[PDB]
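Protein chains in written order, with the entry's author numbering: chain E, 2 to 66, 76 to 217; chain A, 2 to 64, 67 to 85, 103 to 354, 358 to 757; chain B, 2 to 82, 86 to 299.
Here a beta-carbon is modelled for each residue, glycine too, at the ideal position from N, C-alpha and C.
These notes are about the structure you will find just below.
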Amino acid sequence: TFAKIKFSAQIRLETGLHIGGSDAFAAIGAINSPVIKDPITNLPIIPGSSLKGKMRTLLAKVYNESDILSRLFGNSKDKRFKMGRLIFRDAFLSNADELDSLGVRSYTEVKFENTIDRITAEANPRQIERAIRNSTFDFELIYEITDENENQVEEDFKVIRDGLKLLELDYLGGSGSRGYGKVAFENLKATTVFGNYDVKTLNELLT
Amino acid sequence: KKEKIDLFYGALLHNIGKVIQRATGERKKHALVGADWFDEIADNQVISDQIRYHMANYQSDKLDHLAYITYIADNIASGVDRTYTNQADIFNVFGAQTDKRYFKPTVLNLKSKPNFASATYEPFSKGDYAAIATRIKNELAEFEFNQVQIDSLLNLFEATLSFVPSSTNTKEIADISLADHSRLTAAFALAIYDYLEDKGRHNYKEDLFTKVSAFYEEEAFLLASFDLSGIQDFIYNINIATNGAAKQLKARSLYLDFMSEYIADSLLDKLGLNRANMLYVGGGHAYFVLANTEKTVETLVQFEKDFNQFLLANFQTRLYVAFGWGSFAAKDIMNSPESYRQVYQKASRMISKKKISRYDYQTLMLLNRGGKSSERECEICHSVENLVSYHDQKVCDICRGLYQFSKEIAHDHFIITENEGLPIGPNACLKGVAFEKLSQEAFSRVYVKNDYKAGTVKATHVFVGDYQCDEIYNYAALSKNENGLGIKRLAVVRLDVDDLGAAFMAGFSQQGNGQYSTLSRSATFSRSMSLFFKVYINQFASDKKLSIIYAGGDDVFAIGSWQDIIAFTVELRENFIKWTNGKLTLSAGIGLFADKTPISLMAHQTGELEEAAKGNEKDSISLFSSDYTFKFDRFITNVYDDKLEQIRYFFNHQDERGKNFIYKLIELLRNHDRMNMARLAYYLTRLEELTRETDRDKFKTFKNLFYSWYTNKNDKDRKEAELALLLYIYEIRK
Amino acid sequence: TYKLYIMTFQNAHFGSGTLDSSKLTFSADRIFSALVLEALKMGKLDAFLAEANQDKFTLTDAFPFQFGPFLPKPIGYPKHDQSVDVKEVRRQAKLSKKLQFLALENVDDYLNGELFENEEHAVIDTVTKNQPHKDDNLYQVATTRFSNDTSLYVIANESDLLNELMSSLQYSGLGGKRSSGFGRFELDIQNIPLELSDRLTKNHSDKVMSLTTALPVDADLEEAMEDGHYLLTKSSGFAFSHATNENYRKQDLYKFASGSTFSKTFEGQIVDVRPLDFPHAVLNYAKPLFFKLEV
Ligand SMILES: Nc1ncnc2c1ncn2[C@@H]1O[C@H](COP(=O)(O)OP(=O)(O)NP(=O)(O)O)[C@@H](O)[C@H]1O
Ligand SMILES: Nc1ncnc2c1ncn2[C@@H]1O[C@H](COP(=O)(O)OP(=O)(O)NP(=O)(O)O)[C@@H](O)[C@H]1O
Ligand SMILES: [Mg+2]
Ligand SMILES: [Mg+2]
Ligand SMILES: [Zn+2]
């Protein structure tokens, strides 16, 4: 049989995000490290590769000798495990219409910061563009229940879900050893789209 | 052949009495001064009797003879039907009307400063010829009249006769130089020889002298061209994480220029021709003058198929050369407006038709024939055949030859062998060679790069603009001063002369009434632009810490230290607008980059600034970012010389105000609502009464000068100040 | 020939032979390889290839969709017929090169000569990415970021054996890095205007315009080039497979691009570009749906 169940969630930023992009130009007063944005709407995005790589680098810390990361994220080698069953997606800032109701001028703050020499004791300033707190972003994560993997779907659900508690407990972004992380998932529901699969045995394991 | 030689030289060494007689002021006619001088150096009656009778006005019917071809080609190669004025500037008859400018007659050198025209050279310069003419009489004193040195005499003229007029006793034709008038005469005369020797005619006086309007309106020439397609994609095929930094880009944009040189060369000896018949060669484009006959057109088609088989053998539809030829009578001569460009465009239409319908049946069935179990590929160009492991990366035959050519790029001499280095044609490969290795190697044709001396190898003289002050990675570290002041960045500039094709085809059509729109004006214009962008850019990049990765056509792509990039481009344009009398705007994009950044990530962001400065209006420099986009006349005068020197002059003759004040001015300049005008008026008035009474009129004459342009309400005075303060902060960075 | 399948991407990566580069539209042998790699997961490949080797169905590569279907620039058109004012007609050919897509409301105003300032949909951006703490880890992905109203619309025969595959490509993605977020869309099957399906021929011996990357059968490939004005597009790449444990290339097919105008319509073929000694075929769809120009 064949199905594609997705994990809808609102992500929530309990501190900021700095997912960096391309370094364009210093421009003396301007921002040194700008956050990645959506070039049509000029709005802060989470690229899905950042979600995907950070979830993989947490789950790979949990599961070492692997065989289960390879089927859930892919592997260039090992012919069984190419395009491994999970298709992540960018995160599009659902509450653009709500944060301005909370009273704000932009969706990205500019955090000023510096670096102090140990001997000379002279500062070195910075402007880091973070996304603001409690921006809520869209999220879905297609898991494909294809024909072969039917006996092992639920042991690939205790790994997708266990990789989300880790993103709640690790930072999910850049420069996150200094704050800038703490991203909590909410309304983590698993619906089915294009398939005949019953998800009333999973949505209680999620919440 | 055997008597195409003497017709060539006699249609090239004629009007050489216009050097000796024009120098010593002798009363003998120029059709006899050099004609009798010619017997001093060598004994060849065949060329001499053409020089004795090339005018065909001293002796009408005295000399079958080949000076009829020489006289009709001398009429055609001029701008009309052809006494104390020098050579006019090319841009006197160009576009709108300005002052009449004139060249000082000089020779050329790689170290010579340029030869900028001026209106103060109206009288005739005679004493400057004794250095020129004796420079003729040395290397011509021992010379051989054959194919061995059929190309070395052309540089001997174009080094020395490039700023020498032709027939000063005239009214209109002045800016056609003698090294171009003789060149185009020798270019036409061989084509007339082919058109006449194919059609069986032998006696010339009844078709070339008394039947002037018979040949004058007989469609008897071809303007060929070609267009090496896919140059830009092949060159900027470099990406992030590439083994070669810019040697794989210098040596790649140089290699296609030798390929464009060699298509032009080897096309002319499949015919019977030589370098005179080529009007121009540049970035894959090269316009010719050939004969309108069937044995030439079939040679064109067969050579086009040969070179496209070569490009398919090892470039796989990334490069495609497309010929195209327009048949024309003597119609590049002042039905005057709609005759010249209307046949120059006839070849471009055939190119655009052949660029769009590339191959045929067999050569595309052989393409997608299948039959290849490839595991790996060349990670540069994604080709498959002939994979090696050059520095443990899987690369191909061409992209290992390019590293070998990058090790050989610094030489002056580049020879064509059959089995060594990069292939540039059918059984023809390129190799870079030292001078004293020519006896070790075994070649067929030799190119020498950036040389006006004739040398020993008797070579073909190419002129590729290049310069390297240091390696690329030092260009950030050399961005400091001797005191260490200066930000440690390196800049990249990309230039382009705006609307050059429009300034070449139409070009001269505004002055007169379509009477200056000849082939000679466009040929001298091509020599002017080629001379500038292939000779004088190395003069402009002399002291500076940069590297010209490409120069030619109308592009200058150059990496280097950012002080010596901004100074380079200000100097380049302030010499180019003297060179073109203020016609032909050029429009650059400079971008700053930190050290240790990849070169495609660098060059693409420079090229986006270049195209963001193409569309300002047309003529703009785009400093470092999409917003700092200034017209050059609004940049070099206002920003770089007026405001930046006023800011530097204020901020070095004091000690109280520092970089915190400059930073707070940059913020008030960048945000700038109407409220920051009041906040700036408060800030500068606070600091006026905080400075000491020694330096208070010094500060008052600075704040009444900064607040004045801040509140100017024209928007072309506040944006300039922000770029000036960015440059002053970048100058004094620790 | 039948109903056309608007697909709103909002994020994509479309090839161009590298990973630093990206097309605007996605070249219908890609959508055919997507349908085959989707029907392989379903176990529906046999009936799909049986459907896919018939005269019944077509495919057609993507085109932008702003409130109406768009067409390629007819390559070689307009032929000349106004040779004045060099200063601006030389400047316009730098801009009229980068148009490449026309609306149906004016595609016959193009063959008569019109300037057609290029609208701006889908800025093709680029971003540098990494793999932390590793050796060489700076690749650069060229995003194709659609302008919130533009979709892509393959044109096909509406069959449920294919509509299930197209409804599953909503969620499997369609593009370069599908697993990292790109290419995933929302499908919307709509009907065809009467000035488009009137012109979608396949057998009309007339001045015609190809609407997919096609490759003629060799009896028709002779004089497909005697009047055709085309590109070649070099459909190469590695053959995707779950039976290698390796990486082999396809057989490097050259196909006439979309917008290639012709006279005397031809017949395309499914060109097996399988590697040598390789278990399953690699199909590389080239059979064209056409477009009548002056009919
Ligand atoms: N050898 C070279 N090295 C560097 N830049 C070059 C070289 N040759 C040409 N160029 C540049 O490329 C420009 C022309 O680009 P290009 O678009 O390839 O013209 P083209 O020859 O007609 N190819 P195409 O656009 O496909 O028809 C010239 O104006 C130069 O600025
Ligand atoms: N001396 C020359 N004589 C004739 N053509 C030349 C000469 N130098 C370069 N060219 C060609 O002129 C063309 C101008 O190219 P390009 O600069 O892209 O167009 P343009 O006229 O400058 N319009 P723009 O790019 O907006 O400035 C190129 O094909 C060059 O190869
Ligand atoms: Mg230009
Ligand atoms: Mg240019
Ligand atoms: Zn290569």
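Grab the span of the beta strand (DSSP E) containing E:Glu-119 for me, first residue to last.
-> DSSP places E:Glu-119 in the uninterrupted beta strand (DSSP E) bounded by 118-123.
Given that a residue counts as buried once 16 or more other Cβ atoms are within 10 Å of its Cβ, and exposed if not, what is A:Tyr-307?
-> buried
From the DSSP output, in three-state form, read off A:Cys-419 for me.
-> coil
Hey, would you say A:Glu-743 sits closer than 8 Å to A:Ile-659, going by beta carbons?
-> no
Alpha carbon to alpha carbon, how far is B:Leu-166 from E:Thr-156?
-> 18 Å
Comparing the CB of A:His-405 with every heavy atom of ligand 2, is any distance shorter than 7 Å?
-> no
Exposure of A:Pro-449, with buried meaning 16 or more beta-carbon neighbours within 10 Å = exposed
In chain order, what residues of the same chain lie with their CB nearer than 7 Å to the CB of A:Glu-239, ignoring the 5 residues before and after it?
-> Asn-312, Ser-347, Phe-348 and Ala-349
Burial state of A:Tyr-10, where buried means 16 or more other Cβ atoms lie within 10 Å | buried
Under a three-way DSSP split, which group does A:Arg-468 fall into?
-> Annotated three-state conformation of A:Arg-468 is strand, per DSSP.
Please check if any C-beta of chain E sits within less than 8 Å of the C-beta of B:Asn-122.
-> no
With A:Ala-499 and A:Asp-578 assumed to form a contact (beta carbons below 8 Å), what rounded beta-carbon distance in angstroms separates them?
-> About 24 Å; that fails the 8 Å criterion.
So is the beta-carbon of A:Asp-577 under 7 Å away from any non-hydrogen atom of ligand 4?
-> Yes - ligand 4 has a heavy atom lying nearer than 7 Å to the Cβ of A:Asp-577.
Taking Cβ-Cβ distances shorter than 9 Å, what residues in chain A pair up with E:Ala-133?
-> Contact of E:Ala-133 with chain A by beta-carbon distance below 9 Å is absent, the smallest such distance being about 13 Å.
Can you find a C-beta in chain E that's less than 8 Å from the C-beta of A:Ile-689?
-> Answer yes: the Cβ-Cβ gap between A:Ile-689 and chain E drops below 8 Å somewhere.
Coarse secondary structure for B:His-208, derived from DSSP in three states = Residue state, collapsed to three classes: coil.
Whole-angstrom distance between A:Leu-554 and residue 92 of chain A, CA atom to CA atom | A break in chain A separates 85 from 103, and the residue in question, residue 92 of chain A, sits inside that break with no coordinates.
Rounded C-beta distance between A:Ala-514 and A:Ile-572? I'm assuming under 8 Å.
-> With 8 Å as the limit, A:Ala-514 and A:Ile-572 do not qualify as a contact, their Cβ atoms being about 13 Å apart.
Looking at the C-beta of B:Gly-241, does it have a partner C-beta in chain E at a distance below 8 Å?
-> no
Would you say residue 84 of chain B and B:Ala-290 are within 8 Å of each other, going by their C-beta atoms?
-> Between 82 and 86 the numbering of chain B has a gap, and residue 84 of chain B falls inside it, with no coordinates.
Report the rounded CA-to-CA distance for A:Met-56 versus A:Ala-32, giving the unit in angstroms.
-> 7 Å
A:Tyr-573, enclosing beta strand (DSSP E) - first and last residue = 569-575
Are the segment 655-674 of chain A and the segment 639-646 of chain A touching by the rule of at least three beta carbon pairs closer than 8 Å?
-> yes
Short Cβ contact (8 Å threshold) for A:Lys-124 with A:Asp-109 = It is not a contact, given that the beta carbons lie outside the stated cut-off.
Of all Cβ atoms in chain B, is any one closer than 8 Å to the Cβ of E:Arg-99?
-> For E:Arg-99, at least one C-beta of chain B is nearer than 8 Å to its own C-beta.
Buried or exposed: which applies to A:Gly-344, given that a residue is buried once 16 or more other Cβ atoms fall within 10 Å of its Cβ?
-> buried
Could you work out which residue in A:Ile-689, A:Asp-44, A:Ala-266 and A:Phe-229 is closest to A:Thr-73 when comparing CA atoms only?
-> A:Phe-229
Buried versus exposed, by CB contacts within 10 Å (16 or more), A:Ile-193 = buried
Supposed close pair A:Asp-420, A:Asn-334 - CB separation, criterion 8 Å | 6 Å
Pair every Cβ in the segment 94-113 of chain E with every Cβ in the segment 131-146 of chain E, then say whether three or more of these pairs are closer than 8 Å.
-> yes
Closest Cβ-Cβ distance between B:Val-131 and chain E: below 8 Å?
-> yes
On the three-state DSSP scale, how would you describe residue 66 of chain A?
-> As shown, the structure holds no coordinates for residue 66 of chain A; chain A passes over it, running from 64 to 67.
Looking at the unbroken alpha helix (DSSP H) that takes in E:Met-93, where does it start and where does it end?
-> Taken as a continuous stretch (DSSP letters only), E:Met-93 belongs to no alpha helix (DSSP H), as it is neither H nor E.
Inter-residue spacing [alpha-carbon to alpha-carbon] between residue 303 of chain B and A:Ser-380 | With chain B covering only 2 through 299, there is no way to say anything about residue 303 of chain B.
So B:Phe-150 packs on B:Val-212, CB below 8 Å; how close in whole Å?
-> Wrong, their Cβ atoms sit about 30 Å apart, outside the cutoff.
Can the beta-carbon of A:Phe-241 be found closer than 8 Å to that of A:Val-309?
-> yes
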